[PDB]
Amino acid sequence: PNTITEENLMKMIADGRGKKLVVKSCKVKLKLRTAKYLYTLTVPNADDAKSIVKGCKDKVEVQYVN
Amino acid sequence: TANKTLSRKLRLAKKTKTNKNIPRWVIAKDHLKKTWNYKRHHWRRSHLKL
Amino acid sequence: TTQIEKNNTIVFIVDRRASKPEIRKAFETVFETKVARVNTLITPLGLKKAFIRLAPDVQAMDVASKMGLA
Amino acid sequence: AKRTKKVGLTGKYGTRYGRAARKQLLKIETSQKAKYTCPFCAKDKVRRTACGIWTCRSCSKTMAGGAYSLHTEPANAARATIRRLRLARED
Amino acid sequence: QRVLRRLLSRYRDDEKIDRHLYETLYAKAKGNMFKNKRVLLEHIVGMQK
Amino acid sequence: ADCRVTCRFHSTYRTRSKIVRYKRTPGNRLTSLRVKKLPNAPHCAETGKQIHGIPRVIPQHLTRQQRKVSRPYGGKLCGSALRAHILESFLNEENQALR
Amino acid sequence: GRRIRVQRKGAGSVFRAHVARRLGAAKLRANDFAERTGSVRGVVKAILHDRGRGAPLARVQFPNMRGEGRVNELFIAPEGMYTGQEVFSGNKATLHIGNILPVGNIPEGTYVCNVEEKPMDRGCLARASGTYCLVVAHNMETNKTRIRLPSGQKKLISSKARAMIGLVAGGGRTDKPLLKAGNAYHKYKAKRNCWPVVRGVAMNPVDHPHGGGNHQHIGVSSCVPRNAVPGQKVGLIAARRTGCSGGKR
RNA sequence: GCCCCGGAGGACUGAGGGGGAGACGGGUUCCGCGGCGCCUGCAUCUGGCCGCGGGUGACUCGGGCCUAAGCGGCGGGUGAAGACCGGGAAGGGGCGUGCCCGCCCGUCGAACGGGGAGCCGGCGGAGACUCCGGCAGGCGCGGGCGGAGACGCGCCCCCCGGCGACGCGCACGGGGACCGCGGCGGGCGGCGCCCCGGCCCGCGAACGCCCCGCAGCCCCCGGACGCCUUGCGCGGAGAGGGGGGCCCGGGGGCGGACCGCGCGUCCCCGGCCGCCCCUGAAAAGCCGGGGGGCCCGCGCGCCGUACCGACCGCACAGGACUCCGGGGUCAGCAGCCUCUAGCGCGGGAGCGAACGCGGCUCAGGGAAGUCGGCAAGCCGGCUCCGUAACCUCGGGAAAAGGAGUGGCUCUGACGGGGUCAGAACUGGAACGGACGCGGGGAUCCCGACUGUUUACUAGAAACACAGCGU
RNA sequence: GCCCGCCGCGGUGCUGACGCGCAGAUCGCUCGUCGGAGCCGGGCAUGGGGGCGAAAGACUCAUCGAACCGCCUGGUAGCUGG
Ligand SMILES: [K+]
Ligand SMILES: [K+]
Ligand SMILES: [K+]
Ligand SMILES: [K+]
Ligand SMILES: [K+]
Ligand SMILES: [K+]
Ligand SMILES: [K+]
Ligand SMILES: [K+]
Ligand SMILES: [K+]
Ligand SMILES: [K+]
Ligand SMILES: [K+]
Ligand SMILES: [K+]
Ligand SMILES: [K+]
Ligand SMILES: [K+]
Ligand SMILES: [K+]
Ligand SMILES: [K+]
Ligand SMILES: [K+]
Ligand SMILES: [K+]
Ligand SMILES: [K+]
Ligand SMILES: [K+]
Ligand SMILES: [K+]
Ligand SMILES: [K+]
Ligand SMILES: [K+]
Ligand SMILES: [K+]
Ligand SMILES: [K+]
Ligand SMILES: [K+]
Ligand SMILES: [K+]
Ligand SMILES: [K+]
Ligand SMILES: [K+]
Ligand SMILES: [K+]
Ligand SMILES: [K+]
Ligand SMILES: [K+]
Ligand SMILES: [K+]
Ligand SMILES: [K+]
Ligand SMILES: [K+]
Ligand SMILES: [K+]
Ligand SMILES: [K+]
Ligand SMILES: [K+]
Ligand SMILES: [K+]
Ligand SMILES: [K+]
Ligand SMILES: [K+]
Ligand SMILES: [K+]
Ligand SMILES: [Mg+2]
Ligand SMILES: [Mg+2]
Ligand SMILES: [Mg+2]
Ligand SMILES: [Mg+2]
Ligand SMILES: [Mg+2]
Ligand SMILES: [Mg+2]
Ligand SMILES: [Mg+2]
Ligand SMILES: [Mg+2]
Ligand SMILES: [Mg+2]
Ligand SMILES: [Mg+2]
Ligand SMILES: [Mg+2]
Ligand SMILES: [Mg+2]
Ligand SMILES: [Mg+2]
Ligand SMILES: [Mg+2]
Ligand SMILES: [Mg+2]
Ligand SMILES: [Mg+2]
Ligand SMILES: [Mg+2]
Ligand SMILES: [Mg+2]
Ligand SMILES: [Mg+2]
Ligand SMILES: [Mg+2]
Ligand SMILES: [Mg+2]
Ligand SMILES: [Mg+2]
Ligand SMILES: [Mg+2]
Ligand SMILES: [Mg+2]
């Protein structure tokens with residue numbers, strides 16, 4: 001597992017390298033399941049809005065909160 | 001031992017499988033009065049050298 | 001039976017001289033299905049047991065039932 | 001303050017082995033623990049590492065010598081006589 | 001001995017005492033001249049004067 | 001409490017490649033973890049000192065660039081040994097020829 | 001009786017030498033074309049301790065004369081040899097400690113070591129620590145050289161037998177007393193199963209010819225003749241004389 | 001209600017365990033249900049006994065591979081043979097024909113040595129580093145630049161090297177785990193008086209990226225009465241000072257996903273220093289140098305894996321290798337008590353004779369007993385005082401002999417921590433209050449000394465030994 | 001190859017227990033040693049008139065001043081029993 005800067009996150013999505021994304025509410029955790037590593041990005045909810053709209057329609061998103 | 005060769009395991013496996021009584025229908029079929037199989041063995045008093 | 005309803009796995013007795021690659025091919029040709037992974041052991045009596053897990057898109061209930069295992 | 005009067009380094013032996021042996025060891029063992037001069041370093045840092053084997057702790061050069069001292073008196077004379085025989089070979 | 005060396009070095013670095021005084025007291029500490037830290041602080045005063 | 005553990009290896013004979021350390025797990029448990037032997041790094045062919053720049057990892061696990069130094073005789077000679085070979089070569093040519 | 005202790009050692013098993021972790025057999029460089037017509041240059045690589053041996057050994061690297069690469073030799077070290085030193089082997093080598101020369105080219109008076117008793121045999125005389133041979137005289141018409149061995153005997157060898165200049169390092173070793181039984185135990189643990197020693201008179205007659213009796217005593221003379229048979233040849237063998245006396249010169 | 005099971009009480013083993021697990025050996029003894037004919041030297045409803053069903057899952061753990069000490073093989077050699085002994089032999093490879101290179105064994109020998117790579121959580125009557133879920137790692141297969149410098153950022157053959165790869169030791173230093181004290185959060189117990197004073201729980205892995213790492217080795221300037229350790233050690237073959245590079249089984253931060261402070265203990269690691277007539281394996285495999293020629297998929301076969309001191313002594317107070325190791329008292333892995341965990345040991349009751357076996361105490365005397373002080377008793381921790389003859393000058397030596405020692409209230413010294421020193425008060429005229437723990441001295445004989453021995457009647461004056469001599 | 005002392009390794013005295021044993025050599029207390037010629041495990045080597053022995057004629061699978069197993073062998077007995 002590893003962390004990632006936001007700009008690298010879309011490029012992995014942009015090249016179809018992700019398999020599933022999870023949004024976690026606590027500061028929000030976004031977890032992307034690639035072939036090699038699980039990657040985690042932490043942003044405030046203001047920032048995660050725009051990123052998910054950019055979300056690749058070929059990339060399954062799920063949500064999670066409790 | 002917990003670390004045994006497959007060849008010793010197979011010969012031990014056969015002594016376990018043949019360690020049995022005469023079936024009761026065999027006693028009726030063959031008309032027997034000796035009913036004990038005297039080739040049986042028990043682990044506490046045996047010396048299987050296998 | 002618990003092994004089949006969850007874990008999608010069927011337990012078989014096979015000839016001791018068979019390896020995991022021969023077991024996978026045999027089961028795929030006789031029961032017309034898709035194997036995923038095979039584990040094996042030799043029991044204290046000398047028999048070979050195979051743990052046969054079917055592909056994640058097959059129901060071993062559907063395959064055990066047609067065979068009679070249920 | 002001086003801790004012994006005569007035995008020196010052979011105080012490690014106690015009352016054992018007799019006077020003649022301990023007298024021999026005091027001389028031998030003082031000699032093999034000594035610091036000798038690098039024939040190359042020119043510094044006083046040569047120590048024994050095994051019987052016959054002497055290393056400068058500054059040069060790092062290794063040398064072949066005596067059992068319990070760097071130079072023996074037979075080898076000094078031999079080197080001196082061999083040198084004069086070579087120079088005599090020169091016309 | 002760690003206490004006295006730690007104090008002596010601190011002074012030399014601040015130039016309270018020079019290097020030739022530092023080295024003379026360094027050897028006196030190694031030879032059991034001062035019993036604690038207070039005694040060394042008077043020797044330091046007395047040598048400077 | 002009671003923190004005693006059992007052996008992790010096939011046998012319990014405590015040789016130099018069967019040393020563990022202890023660690024607390026997220027389920028509140030004391031686990032054993034093997035402590036690998038650390039190989040030396042390569043040493044100079046003339047002086048026997050560690051070559052600078054190479055980590056103490058077996059070279060199978062290091063990328064090609066990580067296993068090298070960027071100089072003639074990069075991982076064989078310690079830098080000072082190179083300079084002494086260079087001078088000996090150049091100066092002997094100056095004395096075996098032209099006096 | 002039974003077989004006695006000296007009769008059991010010839011059979012091997014527990015009386016074989018303790019050779020594990022030894023560096024190898026120590027020899028001069030082999031005589032070849034280049035050495036016969038000139039000289040070959042080597043460099044001292046290390047000075048090493050050998051198990052079971054008093055003097056040290058030296059590893060010397062020579063160039064390969066029949067191909068590319070290097071050749072590694074194992075010499076008995078003359079005193080004064082040092083790592084990084086340059087040695088020479090051949091007919092044209094000079095007189096310096098460490099060099100290997102034919103004994104006919106060595107002037108009388110010189111100290112030499114590791115001497116061949118026949119040409120090209122790679123050296124067999126004066127090999128132990130502190131020893132040397134002297135070169136006494138040259139007989140040119142018969143091509144023989146006269147040397148003095150460490151025992152003081154004199155001997156004639158060929159003039160083409162080779163030698164190493166100097167004397168063997170490690171000298172003075174025997175002048176330190178072994179203090180304890182334990183120092184003797186460590187010395188022979190590196191050589192052979194030969195220690196400790198039980199006296200013949202301390203045994204029963206079945207075990208030794210000196211055994212038995214109501215007092216410990218030999219009983220007959222301990223001078224046995226030269227033609228005594230194995231099992232019988234104990235004590236002092238073929239002695240010219242016995243006893244302790246001075247006057248020898 | 002049975003010696004089985006449950007609840008309550010009373011005790012024991014006492015972290016070198018009657019605890020938790022492996023190696024060897026055993027071989028189904030393992031598990032669930034049933035049962036008492038045999039066995040369980042008493043009983044039984046118990047059970048390692050009897051009947052009937054079941055049970056051990058691996059790319060990552062071990063075996064398979066490498067070599068150790070060894071053991072085999074080798075044109076041949078020898079002997080009546082069986083067999084035993086052995087380098088002097090026209091001894092094989094790369095490819096692609098055709099060229100080129102080449103001196104000559106072993107896919108025998110280690111379930112502790114070497115070795116490419118695994119962690120957490122969960123599930124079952126019996127299996128788990130093996131199953132399931134999650135997160136990784138290894139080995140394969142298919143779709144010429146920067147720097148002043150130390151240093152930083154595809155292959156093939158011949159040669160030169162490296163890693164693998166290594167002894168012992170008193171100490172000193174760093175990390176981890178353990179262990180304590182205090183706070184704060186949640187839960188308990190008992191409570192005649194006292195109690196914010198007692199007890200339990202407060203958890204974070206492998207792996208990936210960034211930062212930080214004492215010693216130690218290296219670079220640049222420049223040119224010296226210093227730098228520095230518990231100890232040492234180092235410097236014109238270039239110190240100190242200023243600024244840098246590399247290694248470091250480690251720590252931190254973000255991922256994976258409660259908060260402080262301390263004395264010790266164990267384990268590993270570091271730099272030194274000491275020691276040897278002792279100098280402390282090898283190989284597979286993998287890599288570098290010089291010279292020459294030139295992201296996405298799929299897979300990982302074979303064997304072991306249950307349980308046990310259930311093993312050997314005809315069945316048994318004997319024998320039987322290793323791993324983990326809390327608290328109090330204390331110099332402590334001693335003795336004595338204890339938290340966790342575990343709970344058999346051919347059976348019970350009554351009486352309180354002789355005599356035995358293991359223990360305790362005895363007035364006055366004190367070896368008169370006896371072959372003989374045999375046995376038993378006296379002494380003993382720590383601190384201070386005080387110590388002879390003789391001697392190989394090292395010893396003798398704890399010589400011999402003396403005095404003090406609890407509790408409580410305080411004071412001083414050392415840079416938060418125990419120790420050391422001193423004083424008042426007090427108690428049958430007591431204090432190493434149990435436990436642990438030398439009796440001493442004057443002599444003669446023998447062997448110098450530590451060491452070895454008649455397994456099962458002899459431990460010595462016998463053997464060995466360094467030294468000396470032939 | 002120093003001294004007190006735990007485990008370990010050994011085996012002094014009680015001529016203690018036991019001696020139809022817990023046991024074909026054990027148990028209790030006491031005692032030697034405890035950084036070394038020290039102790040322990042696995043692998044390997046030496047074979048019977050032979051081995052191995054810090055030497056006691058000790059040890060060589062409860063066997064040793066010559067092991068064990070089968071055969072020669074129903075060995076011979078001026079001697080004891082019937
Ligand atoms: K098993
Ligand atoms: K059995
Ligand atoms: K004989
Ligand atoms: K004989
Ligand atoms: K004989
Ligand atoms: K014999
Ligand atoms: K011996
Ligand atoms: K002797
Ligand atoms: K005699
Ligand atoms: K039952
Ligand atoms: K013949
Ligand atoms: K033969
Ligand atoms: K092997
Ligand atoms: K082994
Ligand atoms: K192995
Ligand atoms: K190794
Ligand atoms: K190179
Ligand atoms: K298992
Ligand atoms: K009665
Ligand atoms: K009576
Ligand atoms: K008396
Ligand atoms: K007594
Ligand atoms: K007091
Ligand atoms: K004696
Ligand atoms: K001793
Ligand atoms: K006896
Ligand atoms: K005895
Ligand atoms: K004794
Ligand atoms: K003896
Ligand atoms: K003891
Ligand atoms: K009695
Ligand atoms: K006993
Ligand atoms: K001791
Ligand atoms: K033999
Ligand atoms: K044998
Ligand atoms: K015999
Ligand atoms: K016989
Ligand atoms: K027979
Ligand atoms: K026969
Ligand atoms: K007769
Ligand atoms: K007769
Ligand atoms: K009769
Ligand atoms: Mg399996
Ligand atoms: Mg005798
Ligand atoms: Mg005789
Ligand atoms: Mg108790
Ligand atoms: Mg059971
Ligand atoms: Mg009964
Ligand atoms: Mg592995
Ligand atoms: Mg093999
Ligand atoms: Mg291994
Ligand atoms: Mg289990
Ligand atoms: Mg090793
Ligand atoms: Mg198990
Ligand atoms: Mg009385
Ligand atoms: Mg009397
Ligand atoms: Mg009387
Ligand atoms: Mg004696
Ligand atoms: Mg003794
Ligand atoms: Mg006896
Ligand atoms: Mg005895
Ligand atoms: Mg001692
Ligand atoms: Mg002692
Ligand atoms: Mg008795
Ligand atoms: Mg007969
Ligand atoms: Mg007869």
Side-chain angles (χ1 to χ4, degrees), chain D residues 10 12-33 36 38-41 46 48-56 59-90, chain G residues 44-51 53-59 75-85 93-99 101 105-113 128-135 165-181 183 187:
Chain D
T10 49
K12 73 183 167 176
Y13 289 133
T15 62
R16 303 178 289 277
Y17 314 117
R19 193 184 155 103
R22 285 195 312 256
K23 193 167 51 51
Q24 182 70 5
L25 292 166
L26 173 69
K27 159 191 194 315
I28 288 264
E29 272 169 357
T30 303
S31 180
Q32 91 189 39
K33 297 183 169 61
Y36 297 87
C38 236
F40 319 75
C41 307
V46 189
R48 185 208 199 239
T49 86
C51 170
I53 301 176
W54 300 79
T55 316
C56 217
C59 303
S60 281
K61 284 236 181 309
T62 308
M63 277 157 285
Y68 314 112
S69 64
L70 184 49
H71 306 293
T72 65
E73 301 296 10
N76 279 333
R79 168 186 66 247
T81 301
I82 283 162
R83 180 190 181 253
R84 145 191 85 95
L85 289 186
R86 174 186 75 246
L87 146 145
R89 231 118 154 94
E90 276 58 79
Chain G
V44 174
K45 283 310 161 171
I47 306 273
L48 296 160
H49 170 272
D50 183 49
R51 183 192 187 198
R53 189 195 291 273
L57 300 182
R59 224 180 276 274
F75 290 175
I76 293 196
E79 196 179 308
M81 168 181 279
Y82 63 93
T83 51
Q85 185 199 350
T94 81
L95 302 162
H96 287 74
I97 319 270
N99 283 350
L101 283 80
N105 293 337
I106 312 180
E108 306 98 328
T110 308
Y111 285 55
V112 301
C113 66
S129 83
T131 55
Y132 59 88
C133 288
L134 275 159
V135 177
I165 296 151
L167 59 100
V168 184
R173 167 179 46 89
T174 47
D175 285 22
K176 186 186 182 169
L178 307 164
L179 204 58
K180 303 182 274 164
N183 288 333
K187 157 166 177 177

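All values below were derived from every heavy atom in this structure, side-chain atoms included, with hydrogens, water molecules and symmetry-related copies excluded. Protein chains get the first letters and strands the later ones, always in sequence-line order, with residue 1 at the start of each.
Looking at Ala77(G), the atoms closer than 4.5 Å to chain D (heavy atoms on both sides) all sit in the side chain, from C-beta outward. In this structure, no portion of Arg83(D) lies under 4.5 Å from any heavy atom of chain G. Contact annotation for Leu167(G): only side-chain heavy atoms (C-beta onward) come within less than 4.5 Å of a heavy atom of chain D.
Contact count versus chain D (heavy atoms, under 4.5 Å) is highest, among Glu108(G), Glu79(G), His96(G), for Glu79(G). The candidate from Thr49(D), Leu25(D), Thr81(D) with the greatest count of non-hydrogen atom pairs under 4.5 Å with chain G is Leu25(D).
Remark: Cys41(D) SG to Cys38(D) SG, distance under 2.5 Å.
Rounding to the nearest 0.5 Å places CD1 of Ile165(G) at 5.5 Å from CD1 of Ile106(G).
When the shell of 6.0 Å around NZ of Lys27(D) is examined, it contains 12 or fewer heavy atoms from other residues, nucleotides or ligands.
Applying the side-chain contact (heavy atoms from CB on, under 4.5 Å) test to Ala88(D) and every residue at least two apart in sequence or in another chain returns nothing.
Ring planes of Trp54(D) and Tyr36(D): perpendicular class, angle over 60° (limits at 30 and 60°).
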